[PDB]
């Protein structure tokens, strides 16, 4: 059996310990090296560390970090960890940002509204099923048209600053049968959502500014919710007016129209659009780096399969696209779009890692940095390599139990009883549709890459048409 080890690490002095750790995290090391350097110092993938934001935003920055794929899954076990008000970590954004409600993402499964609200989203997703393919194909076709246009003008085409509009338009049309162009939102939604998301997440992000500016401006106190209330109201009225069919189901589930609307707004703008804002540019980055031979192989598979399917893209056709499925899973393994999962121990726990076990007391905040679980070399071979074909075949597919992007194993299903992403199957579907739309159109592409507060900044520098 595993030896019991004392959890190494410490929190430094009051005030200055957490500040120095925050500087390492944001500025002097960056998140990955912040965690890896301490794995090396402590010779442990489980240790005590301060997490941002601390300061006057979070009451208590002290966590136990789980940084391997054996210990990490404790964070999924709702009998071991409480998942209340910790969606964003050791602080929670003001409910003033969300209509006065504690939104689904912050609710522990022990709360009755968790079941009701998650069921509402499951319905939203199921009811959209026959709109997803045609609306994705129409909206993303327009995006690539615009990218070709921009490339012809500038010699490069900024992906993110067009793809954010495309994502919102797609979601509005697929979920609500509503084109934002036909509404008072016009083309404003991305800007509105970006500002509102910033008011929620600024304690966790760097914008690029020098630390002397950023630290007092976004890392010490919460930005005032009052400043984004009118923008939020524009979004709220769009959802109230557009989500009629879904609101009928909300009524049947016993959810108030107001609560349902705030939750639909959040699920659409924050969970879905925000998650896509991170995922899609990251996918372009990793697939771009994979090189033209991989591009050509994806193009060959995708086009051949669609031809075999009489030109009709369907769920069943996608199941034949083995390399495509595997590439999407590898993007999610290599670069989890959301790196930070938290859980508060409900009771005393014994947490097993690879070489030792650790005891934590009820009330301790557990934290996992997902990339270190999903690139754990004791679980995955070639762990730090992007391997397009990793999940192809019976043996490859077994490894999906260790892909954790959704806050649970990829082999598991989100339920009203767990805190796994309500949109798990939707995300994997639209990520596949994204790769499919790229390679039905292009043989290969080249990219330029930069940093972004969320995800990656990506430009196309070449789009080689079929």
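Positions refer to the first chain, counted from 1.
Novice: For the stretches 393 to 401 and 433 to 441, which has the higher mean C-alpha B-factor as given in the deposited record?
Specialist: Result: 393 to 401.
Novice: Mind pulling up the entry and telling me whether 144 to 152 or 177 to 185 has the higher mean Cα temperature factor?
Specialist: Mean B over CA atoms: larger for 177 to 185.
Novice: Just the C-alpha B-factor column, please: which of 326, 242, 263, 370 has the biggest number?
Specialist: Of the options given, 242 has the highest CA B-factor in the PDB entry.
Novice: Which of these has the highest Cα B-factor in the record: 359, 333, 303, 118?
Specialist: Checking the PDB record, the top C-alpha B-factor among 359, 333, 303, 118 is at 359.
Novice: Could you place residue 376 in the lowest, middle or highest third of its chain by Cα temperature factor, using the values in the record?
Specialist: Lowest third - that is where residue 376 ends up once the chain's C-alpha B-factors are sorted.
Novice: Among the modelled residues of its chain, does the C-alpha B-factor of residue 417 lie in the lowest, middle or highest third?
Specialist: Middle third by C-alpha B-factor.
Novice: Relative to the other modelled residues of the same chain, rank the CA B-factor of residue 202 and answer lowest, middle or highest third.
Specialist: Tercile = lowest for this residue's CA B-factor.
Novice: Relative to the other modelled residues of the same chain, rank the CA B-factor of residue 127 and answer lowest, middle or highest third.
Specialist: Top third by C-alpha B-factor.
Novice: If you rank the chain by CA B-factor, which third does residue 93 end up in: lowest, middle or highest?
Specialist: Lowest third, going by the recorded CA B-factors of the chain.
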